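K.L.:
Structure: structure03.csv, CSV, C-alpha atoms.
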chain,number,residue,atom,x,y,z
A,792,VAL,CA,0.0,0.0,0.0
A,793,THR,CA,1.0,3.7,-0.9
A,794,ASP,CA,-0.4,7.2,0.1
A,795,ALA,CA,-1.9,7.4,-3.4
A,796,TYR,CA,-4.2,4.5,-2.6
A,797,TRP,CA,-5.1,5.9,0.7
A,798,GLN,CA,-6.2,9.2,-0.8
A,799,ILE,CA,-8.7,7.3,-2.9
A,800,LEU,CA,-10.1,5.6,0.1
A,801,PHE,CA,-10.4,8.7,2.2
A,802,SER,CA,-12.1,10.7,-0.7
A,803,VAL,CA,-14.6,7.8,-0.9
A,804,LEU,CA,-15.2,7.9,2.8
A,805,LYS,CA,-16.5,11.5,2.4
A,806,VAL,CA,-19.5,10.3,0.4
A,807,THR,CA,-20.0,7.3,2.5
A,808,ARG,CA,-22.9,7.6,5.1
A,809,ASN,CA,-23.6,5.4,8.2
A,810,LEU,CA,-20.2,3.6,7.9
A,811,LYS,CA,-19.9,1.9,11.3
A,812,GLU,CA,-16.6,-0.1,11.0
A,813,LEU,CA,-13.3,0.6,9.2
A,814,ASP,CA,-10.6,-2.1,9.4
A,815,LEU,CA,-7.3,-1.2,7.8
A,816,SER,CA,-5.3,-3.8,9.8
A,817,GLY,CA,-2.2,-5.3,8.1
A,818,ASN,CA,-1.7,-2.4,5.6
A,819,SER,CA,1.1,0.2,6.2
A,820,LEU,CA,-0.2,3.8,6.9
A,821,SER,CA,2.4,6.5,6.5
A,822,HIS,CA,2.4,9.5,8.9
A,823,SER,CA,0.7,11.5,6.1
A,824,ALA,CA,-2.0,8.8,5.7
A,825,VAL,CA,-2.6,8.8,9.5
A,826,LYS,CA,-3.0,12.6,9.5
A,827,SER,CA,-5.6,12.3,6.7
A,828,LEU,CA,-7.4,9.5,8.6
A,829,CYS,CA,-7.5,11.8,11.6
A,830,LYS,CA,-9.2,14.5,9.4
A,831,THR,CA,-11.7,11.8,8.5
A,832,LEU,CA,-12.4,11.0,12.2
A,833,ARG,CA,-12.9,14.7,13.0
A,834,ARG,CA,-15.8,15.2,10.7
A,835,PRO,CA,-19.2,15.7,12.2
A,836,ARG,CA,-20.7,13.2,9.8
A,837,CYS,CA,-18.3,10.4,11.0
A,838,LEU,CA,-20.4,7.7,12.6
A,839,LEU,CA,-17.6,5.1,12.9
A,840,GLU,CA,-18.0,2.8,16.0
A,841,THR,CA,-15.0,0.5,15.4
A,842,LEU,CA,-11.6,1.5,13.9
A,843,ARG,CA,-9.0,-1.2,13.6
A,844,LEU,CA,-5.4,-0.1,12.7
A,845,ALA,CA,-3.5,-3.3,13.9
A,846,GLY,CA,-0.2,-4.0,12.1
A,847,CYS,CA,-0.3,-0.8,10.2
A,848,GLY,CA,3.2,0.5,11.0
A,849,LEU,CA,2.1,3.1,13.5
A,850,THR,CA,4.5,4.8,15.8
A,851,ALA,CA,4.4,7.0,18.9
A,852,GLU,CA,3.8,10.2,17.0
A,853,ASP,CA,0.7,8.6,15.3
A,854,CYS,CA,-0.8,8.1,18.8
A,855,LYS,CA,-0.6,11.9,19.4
A,856,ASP,CA,-2.6,12.5,16.1
A,857,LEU,CA,-5.1,9.7,16.9
A,858,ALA,CA,-5.7,11.0,20.5
A,859,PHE,CA,-6.5,14.5,19.2
A,860,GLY,CA,-8.6,12.9,16.5
A,861,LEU,CA,-10.6,11.0,19.2
A,862,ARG,CA,-11.1,14.2,21.1
A,863,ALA,CA,-13.5,15.3,18.2
A,864,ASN,CA,-15.8,12.1,18.4
A,865,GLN,CA,-18.7,10.6,20.3
A,866,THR,CA,-19.3,7.5,18.2
A,867,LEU,CA,-16.0,5.5,18.3
A,868,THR,CA,-16.4,2.8,20.9
A,869,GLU,CA,-13.6,0.2,19.8
A,870,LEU,CA,-10.1,1.0,18.7
A,871,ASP,CA,-7.5,-1.7,17.8
A,872,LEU,CA,-3.8,-0.5,17.7
A,873,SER,CA,-2.2,-3.9,18.3
A,874,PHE,CA,1.0,-5.0,16.4
A,875,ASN,CA,2.3,-1.4,16.1
A,876,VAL,CA,5.5,-0.3,17.8
A,877,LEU,CA,3.7,2.5,19.8
A,878,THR,CA,6.1,2.3,22.8
A,879,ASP,CA,5.4,3.7,26.2
A,880,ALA,CA,5.6,7.3,24.7
A,881,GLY,CA,2.7,6.4,22.3
A,882,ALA,CA,0.6,4.9,25.2
A,883,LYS,CA,1.2,8.1,27.2
A,884,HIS,CA,-0.4,10.2,24.4
A,885,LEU,CA,-3.4,7.8,24.3
A,886,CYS,CA,-3.9,7.8,28.1
A,887,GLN,CA,-4.0,11.6,28.3
A,888,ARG,CA,-7.2,11.4,26.2
A,889,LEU,CA,-8.7,8.2,27.6
A,890,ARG,CA,-8.8,9.4,31.1
A,891,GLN,CA,-10.9,12.4,30.2
A,892,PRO,CA,-14.6,12.4,31.4
A,893,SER,CA,-15.8,13.0,27.9
A,894,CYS,CA,-14.3,9.7,26.5
A,895,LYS,CA,-16.8,7.2,25.1
A,896,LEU,CA,-14.2,4.5,24.1
A,897,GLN,CA,-15.3,1.1,25.5
A,898,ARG,CA,-12.7,-1.4,24.0
A,899,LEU,CA,-9.1,-0.9,23.3
A,900,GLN,CA,-6.5,-3.4,22.1
A,901,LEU,CA,-2.8,-2.7,22.5
A,902,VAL,CA,-1.4,-6.3,22.0
A,903,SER,CA,2.3,-6.4,21.0
A,904,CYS,CA,2.8,-2.6,21.1
A,905,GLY,CA,6.3,-2.4,22.7
A,906,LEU,CA,4.9,-1.4,26.1
A,907,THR,CA,6.8,-1.8,29.4
A,908,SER,CA,6.2,-1.1,33.0
A,909,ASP,CA,7.0,2.5,32.3
A,910,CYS,CA,3.5,3.1,30.8
A,911,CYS,CA,1.6,1.3,33.6
A,912,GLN,CA,1.2,4.4,35.8
A,913,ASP,CA,-0.5,6.1,32.8
A,914,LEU,CA,-2.6,3.1,32.1
A,915,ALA,CA,-3.6,2.9,35.8
A,916,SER,CA,-4.8,6.6,35.6
A,917,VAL,CA,-7.0,5.4,32.8
A,918,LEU,CA,-8.4,2.5,34.7
A,919,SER,CA,-9.3,4.6,37.7
A,920,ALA,CA,-10.8,7.6,35.8
A,921,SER,CA,-12.2,6.5,32.5
A,922,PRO,CA,-16.0,6.7,32.3
A,923,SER,CA,-16.3,4.2,29.6
A,924,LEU,CA,-13.4,1.7,29.2
A,925,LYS,CA,-14.7,-1.9,29.6
A,926,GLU,CA,-12.1,-4.0,27.8
A,927,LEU,CA,-8.3,-3.5,27.6
A,928,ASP,CA,-6.0,-6.1,25.9
A,929,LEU,CA,-2.3,-5.7,26.9
A,930,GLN,CA,-1.1,-9.2,25.9
A,931,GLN,CA,2.4,-9.6,24.2
A,932,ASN,CA,3.9,-6.7,26.2
A,933,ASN,CA,6.6,-7.1,28.8
A,934,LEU,CA,5.0,-5.3,31.7
A,935,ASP,CA,6.5,-7.3,34.6
A,936,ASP,CA,5.6,-7.4,38.2
A,937,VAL,CA,6.4,-3.6,38.7
A,938,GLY,CA,4.0,-2.7,35.9
A,939,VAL,CA,1.3,-5.1,36.8
A,940,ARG,CA,1.3,-3.9,40.4
A,941,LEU,CA,0.7,-0.4,39.1
A,942,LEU,CA,-2.2,-1.7,37.0
A,943,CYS,CA,-3.7,-3.4,40.0
A,944,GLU,CA,-3.7,0.0,41.9
A,945,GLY,CA,-6.0,1.3,39.3
A,946,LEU,CA,-8.2,-1.8,38.8
A,947,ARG,CA,-8.9,-1.7,42.6
A,948,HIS,CA,-10.5,1.7,42.3
A,949,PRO,CA,-14.3,1.3,42.8
A,950,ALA,CA,-15.0,3.7,39.8
A,951,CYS,CA,-13.0,1.4,37.4
A,952,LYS,CA,-15.3,0.3,34.6
A,953,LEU,CA,-13.0,-2.5,33.3
A,954,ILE,CA,-14.5,-6.0,33.0
A,955,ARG,CA,-12.0,-7.7,30.6
A,956,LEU,CA,-8.2,-7.3,30.9
A,957,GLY,CA,-5.9,-9.3,28.5
A,958,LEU,CA,-2.6,-9.7,30.3
A,959,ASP,CA,0.5,-12.0,29.9
A,960,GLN,CA,0.9,-13.8,33.3
A,961,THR,CA,3.5,-16.5,32.8
A,962,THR,CA,6.6,-14.6,33.7
A,963,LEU,CA,5.0,-12.8,36.6
A,964,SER,CA,6.2,-13.9,40.1
A,965,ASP,CA,4.1,-16.2,42.3
A,966,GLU,CA,3.4,-13.3,44.7
A,967,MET,CA,2.1,-11.2,41.7
A,968,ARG,CA,0.0,-14.1,40.4
A,969,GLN,CA,-1.5,-14.5,43.9
A,970,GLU,CA,-2.2,-10.7,44.1
A,971,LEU,CA,-4.1,-11.0,40.7
A,972,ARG,CA,-6.2,-13.9,41.8
A,973,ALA,CA,-7.1,-12.0,45.0
A,974,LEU,CA,-8.1,-9.1,42.8
A,975,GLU,CA,-10.3,-11.4,40.7
A,976,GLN,CA,-12.0,-12.7,44.0
A,977,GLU,CA,-12.6,-9.1,45.0
A,978,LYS,CA,-14.0,-7.8,41.7
A,979,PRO,CA,-16.0,-10.8,40.3
A,980,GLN,CA,-17.2,-8.7,37.3
A,981,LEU,CA,-13.5,-8.6,36.1
A,982,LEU,CA,-12.1,-11.4,33.9
A,983,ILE,CA,-8.3,-11.4,33.3
A,984,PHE,CA,-7.5,-13.5,30.3
A,985,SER,CA,-4.6,-14.5,28.2
A,986,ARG,CA,-3.9,-16.7,25.1
A,987,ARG,CA,-2.8,-19.4,27.6
A,988,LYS,CA,-5.8,-18.8,30.0
A,989,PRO,CA,-8.6,-17.8,27.5
Translate this structure into structure tokens?

P.N.:
Amino acid sequence: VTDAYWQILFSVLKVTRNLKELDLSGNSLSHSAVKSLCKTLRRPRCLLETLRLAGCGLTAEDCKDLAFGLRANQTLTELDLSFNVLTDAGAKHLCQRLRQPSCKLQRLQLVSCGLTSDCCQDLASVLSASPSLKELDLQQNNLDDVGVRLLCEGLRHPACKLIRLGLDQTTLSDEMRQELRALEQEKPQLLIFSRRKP
């Protein structure tokens, strides 16, 4: 895929009405294409509910553009950014927006995004404050016990809306695995899953 292609798609999306899902996963988006997608998302006529950009070559700077694009939007409820090297800096840009009281996003996937424990204080601020986030998938990221303990500080908040958390647990310590099971006992509405424990 080239930007020339994407300009045809985004011109067509202007004439489209009632489009609820857009899945571009597996096709490279340049920074220019990301910016033009963000213009698309900002339109008052945009009714998209699901946007999937998994495996599209996105980087941290793209998260800044996407977060500002979501600021203008009351329809998008699911966003997939998996299989992109977002890094903790990219996650920080997303979390600034997701913690705002105006957010409507319900489902977010960040599988294999180059995240470490250094983004987990930002993700915990989301868990404790978001009005809308129900499902968060963080599998295939090296969070470690330090990061997972920060996540649990936000999951324990009684205002946390999360009911599904995808999380790698195999390399976590036994003490951490015990603390996660205790959290699950305490918050029976919450399912922690992984590709090993579906």

K.L.:
Using only C-alpha atoms, which residues sit within 8 Å of range 884-888 of chain A once same-chain residues fewer than 6 positions away are excluded, as a short mmCIF file (atom, residue, chain, number, x, y, z; two decimals) with C-alpha atoms, in the frame of the given file?

P.N.:
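Generated file (out_25.cif):
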data_model
loop_
_atom_site.label_atom_id
_atom_site.label_comp_id
_atom_site.auth_asym_id
_atom_site.auth_seq_id
_atom_site.Cartn_x
_atom_site.Cartn_y
_atom_site.Cartn_z
CA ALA A 851 4.40 7.00 18.90
CA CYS A 854 -0.80 8.10 18.80
CA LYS A 855 -0.60 11.90 19.40
CA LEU A 857 -5.10 9.70 16.90
CA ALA A 858 -5.70 11.00 20.50
CA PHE A 859 -6.50 14.50 19.20
CA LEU A 861 -10.60 11.00 19.20
CA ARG A 862 -11.10 14.20 21.10
CA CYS A 894 -14.30 9.70 26.50
CA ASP A 913 -0.50 6.10 32.80
CA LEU A 914 -2.60 3.10 32.10
CA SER A 916 -4.80 6.60 35.60
CA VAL A 917 -7.00 5.40 32.80
#

K.L.:
For CA of residue 926 in chain A and CA of residue 836 in chain A, determine how far apart the two atoms are, in Å to one decimal place.

P.N.:
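CA of residue 836 in chain A lies at a distance of 26.3 Å from CA of residue 926 in chain A.
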
K.L.:
Could you give me, as a PyMOL selection string, the residues that sit within 10 Å of (6.9, -4.1, 28.5) in the file's coordinates, counting all atoms listed in the file?

P.N.:
chain A and resi 878-879+903-911+929-935+938

K.L.:
Could you work out how far CA of residue 889 in chain A lies from CA of residue 969 in chain A, giving the answer in Å with one decimal?

P.N.:
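Value for the CA of residue 969 in chain A-CA of residue 889 in chain A distance: 28.9 Å.
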
K.L.:
Would you compute the distance between CA of residue 837 in chain A and CA of residue 955 in chain A? Give it in Å to one decimal.

P.N.:
27.4 Å

K.L.:
Please produce range 825-836 of chain A, completed to N, CA, C and O atoms, as a PDB file, in the frame of the given file.

P.N.:
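Done, and the output landed in selection-v2.pdb:
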ATOM      1  N   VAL A 825      -1.985   8.707   8.202  1.00  0.00           N
ATOM      2  CA  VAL A 825      -2.600   8.800   9.500  1.00  0.00           C
ATOM      3  C   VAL A 825      -3.204  10.160   9.763  1.00  0.00           C
ATOM      4  O   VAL A 825      -4.350  10.240  10.228  1.00  0.00           O
ATOM      5  N   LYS A 826      -2.505  11.225   9.337  1.00  0.00           N
ATOM      6  CA  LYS A 826      -3.000  12.600   9.500  1.00  0.00           C
ATOM      7  C   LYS A 826      -4.323  12.691   8.660  1.00  0.00           C
ATOM      8  O   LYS A 826      -5.343  13.213   9.137  1.00  0.00           O
ATOM      9  N   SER A 827      -4.349  12.111   7.466  1.00  0.00           N
ATOM     10  CA  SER A 827      -5.600  12.300   6.700  1.00  0.00           C
ATOM     11  C   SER A 827      -6.705  11.401   7.278  1.00  0.00           C
ATOM     12  O   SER A 827      -7.863  11.867   7.314  1.00  0.00           O
ATOM     13  N   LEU A 828      -6.396  10.218   7.833  1.00  0.00           N
ATOM     14  CA  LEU A 828      -7.400   9.500   8.600  1.00  0.00           C
ATOM     15  C   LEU A 828      -7.967  10.274   9.785  1.00  0.00           C
ATOM     16  O   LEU A 828      -9.169  10.232  10.089  1.00  0.00           O
ATOM     17  N   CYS A 829      -7.066  10.936  10.521  1.00  0.00           N
ATOM     18  CA  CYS A 829      -7.500  11.800  11.600  1.00  0.00           C
ATOM     19  C   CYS A 829      -8.465  12.919  11.166  1.00  0.00           C
ATOM     20  O   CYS A 829      -9.449  13.198  11.868  1.00  0.00           O
ATOM     21  N   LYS A 830      -8.220  13.507   9.981  1.00  0.00           N
ATOM     22  CA  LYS A 830      -9.200  14.500   9.400  1.00  0.00           C
ATOM     23  C   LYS A 830     -10.513  13.853   9.207  1.00  0.00           C
ATOM     24  O   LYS A 830     -11.549  14.419   9.518  1.00  0.00           O
ATOM     25  N   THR A 831     -10.494  12.679   8.573  1.00  0.00           N
ATOM     26  CA  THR A 831     -11.700  11.800   8.500  1.00  0.00           C
ATOM     27  C   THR A 831     -12.494  11.671   9.804  1.00  0.00           C
ATOM     28  O   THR A 831     -13.724  11.832   9.835  1.00  0.00           O
ATOM     29  N   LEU A 832     -11.792  11.287  10.890  1.00  0.00           N
ATOM     30  CA  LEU A 832     -12.400  11.000  12.200  1.00  0.00           C
ATOM     31  C   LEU A 832     -13.008  12.293  12.847  1.00  0.00           C
ATOM     32  O   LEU A 832     -13.965  12.215  13.652  1.00  0.00           O
ATOM     33  N   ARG A 833     -12.449  13.440  12.481  1.00  0.00           N
ATOM     34  CA  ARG A 833     -12.900  14.700  13.000  1.00  0.00           C
ATOM     35  C   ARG A 833     -14.153  15.281  12.450  1.00  0.00           C
ATOM     36  O   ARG A 833     -14.735  16.225  12.992  1.00  0.00           O
ATOM     37  N   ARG A 834     -14.605  14.714  11.331  1.00  0.00           N
ATOM     38  CA  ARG A 834     -15.800  15.200  10.700  1.00  0.00           C
ATOM     39  C   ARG A 834     -17.087  14.973  11.445  1.00  0.00           C
ATOM     40  O   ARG A 834     -17.257  13.878  12.038  1.00  0.00           O
ATOM     41  N   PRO A 835     -18.009  15.959  11.426  1.00  0.00           N
ATOM     42  CA  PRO A 835     -19.200  15.700  12.200  1.00  0.00           C
ATOM     43  C   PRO A 835     -20.056  14.556  11.661  1.00  0.00           C
ATOM     44  O   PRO A 835     -20.728  13.833  12.434  1.00  0.00           O
ATOM     45  N   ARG A 836     -19.953  14.306  10.357  1.00  0.00           N
ATOM     46  CA  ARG A 836     -20.700  13.200   9.800  1.00  0.00           C
ATOM     47  C   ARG A 836     -20.119  11.799  10.114  1.00  0.00           C
ATOM     48  O   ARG A 836     -20.788  10.796   9.836  1.00  0.00           O
TER      49      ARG A 836
END
